[PDB]
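When you line the sequence shown up against the entry's author numbering, it's residues 17 to 103, 122 to 226, in that order. Where a beta carbon is used, it is the ideal one built from N, C-alpha and C, also for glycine. Inspection log for the structure reproduced underneath, given as structure tokens.
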Amino acid sequence: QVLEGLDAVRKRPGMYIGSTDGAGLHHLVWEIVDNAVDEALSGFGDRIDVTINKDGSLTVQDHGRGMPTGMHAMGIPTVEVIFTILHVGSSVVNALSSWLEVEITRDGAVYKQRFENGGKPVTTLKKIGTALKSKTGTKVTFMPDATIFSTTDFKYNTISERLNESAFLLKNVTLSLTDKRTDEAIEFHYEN
Ligand SMILES: CCNC(=O)Nc1cc(-c2nc(C(F)(F)F)cs2)c(-c2cncc(C(=O)O)c2)cn1
């Protein structure tokens, strides 16, 4: 297996997200949502909140374990490896974003790393705050790169329908959508 940097994604976006129109834009949402859904599927967290922000960016927040906050080789945080080395969802989204923030809560601490310009770290993984020990999760916010996509307008109805489906397949997990551009909001939850 040959590892690559994020320029490989930026040079062939369609190989990773299919297209660079609205279909491809929304694939970015699906990759991050799927990581939250995978964590919920393993039993960590019972809500996944998606927000379309006024500035055009998109947030997905889970209440799972939190991504690991330790170091890889050479003092590089694990999180930075996940987001900056292509082996895949997190790194592909980072590559195709003009900026991305990951915020992790676990062990009584809140950490954040920020990337800009297609995934270049502008900070390390730094502790920015504290939280109760019981609090855990990951929050990813990303601004899709307007120089790559022909549209950067997230579609509330499109995300809504996908989250509803995902909620039906997961069971016993709340998926919520808020649009800060229009104030629209909906929640989905299916018991079994
Ligand atoms: C809003 C997006 N939400 C979101 O990415 N949540 C998330 C991702 C991971 C990921 N971790 C990794 C890596 F690489 F660290 F394992 C990749 S994704 C974990 C996690 C936490 N502990 C252990 C594991 C594991 O699989 O062993 C996985 C928890 N929440």
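Classification of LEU19 by the beta-carbon crowding that lies within 10 angstroms, buried from 16 upward: exposed
Close Cβ partners of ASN151 (< 8 Å) along its chain, the five nearest in sequence each way excluded: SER132 and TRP133
Whether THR100 touches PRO155 by CB criterion (8 Å): yes
Cβ neighbours of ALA219 in the same chain (closer than 6 Å, five flanking residues each side left out): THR212
Pair within 8 Å by beta-carbon distance, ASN226 and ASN206: yes
C-alpha distance - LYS161 paired with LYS146, whole-angstrom precision: 6 Å
Same chain, Cβ closer than 8 Å to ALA52, neighbours up to 5 away in sequence not counted: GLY61, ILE64, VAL76, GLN77, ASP78, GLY80 and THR172
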